[PDB]
Amino acid sequence: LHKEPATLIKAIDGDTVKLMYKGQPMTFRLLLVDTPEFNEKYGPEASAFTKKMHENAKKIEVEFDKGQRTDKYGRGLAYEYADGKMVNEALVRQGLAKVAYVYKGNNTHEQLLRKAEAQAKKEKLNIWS
Ligand SMILES: Cc1cn([C@H]2C[C@H](OP(=O)(O)O)[C@@H](COP(=O)(O)O)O2)c(=O)[nH]c1=O
Ligand SMILES: [Ca+2]
């Protein structure tokens, strides 16, 4: 896998964001995770967390996996990095997302994220409290 550039257009919620990629506006859905919807518990905090991560970042990158790059809704499916830090992993590690939607062939970072989730559960953070 490799990182490719992108720039923030707009924060959306815990696991979606509007980015410019190859000069086109795209909604991205973060691979292998599920945040609560904004109207759910830990939704607002998940959204804040991802927004803060985007807005503090000097450099946003996206990384496609080996499979499908777009979902059925036209959302880009990627791992996102903010200043080299994976937003998908940071959400899990903080108990603001669950590992989810692990489809065969787009699951390169599954075990990295499961390790983060096990630590968040251990610490009883947020979703796991
Ligand atoms: C994360 C992800 C979601 N999706 C689709 C499956 C789910 O379909 P349904 O909409 O039919 O439930 C939906 C979940 O995304 P959200 O959690 O953003 O709703 O997005 C994929 O197809 N591939 C993926 O990698
Ligand atoms: Ca969601």
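When reading the values below, keep in mind they use all heavy atoms of this one structure, side chains included, and skip hydrogens, waters and symmetry mates. We number each residue from 1, following the sequence as shown. Order of listing sets the numbers, starting from 1, for every ligand and every atom in it.
- Between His109 and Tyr79, the ring-plane angle classifies as perpendicular under the 30° and 60° cut-offs.
- In summary, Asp34 places an N/O/S atom under 3.0 Å from the Ca ion (ligand 2), meeting the contact criterion.
- Here salt bridge (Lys or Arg N to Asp or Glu O under 4.0 Å) pairs that include residues 30-47, with residues two or more places apart or in two chains, are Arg29-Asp34.
- The angle subtended at the Ca ion (ligand 2) by OE2 of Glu37 and OD2 of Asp15 is 150°, given to the nearest 10°.
- Exactly one residue among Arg75, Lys10, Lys18 makes a side chain to side chain donor-acceptor pair (under 3.5 Å) with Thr27. That residue is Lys18.
- Shortest non-hydrogen contact noted between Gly95 and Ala120 is N-CB, 3.7 Å.
- The salt bridge (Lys or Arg N to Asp or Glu O under 4.0 Å) pairs that include a residue from residues 83-97 are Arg93-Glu123, where partners are two or more places apart or lie in different chains.
- Protein residues having a heavy atom under 4.0 Å from any atom of ligand 1 are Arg29, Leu31, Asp34, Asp71, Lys72, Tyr73, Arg75, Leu77, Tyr101, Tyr103, listed by chain and number.
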Enumerate, atom names and distances included, each donor-acceptor pair closer than 3.5 Å involving a side-chain atom of residues 98-105, sequence neighbours excluded.
none

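- When hydrophobic clusters are built by joining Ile, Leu, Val, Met, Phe, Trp and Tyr residues whose side-chain heavy atoms come closer than 4.5 Å, directly or via intermediates, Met26 is grouped together with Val62.
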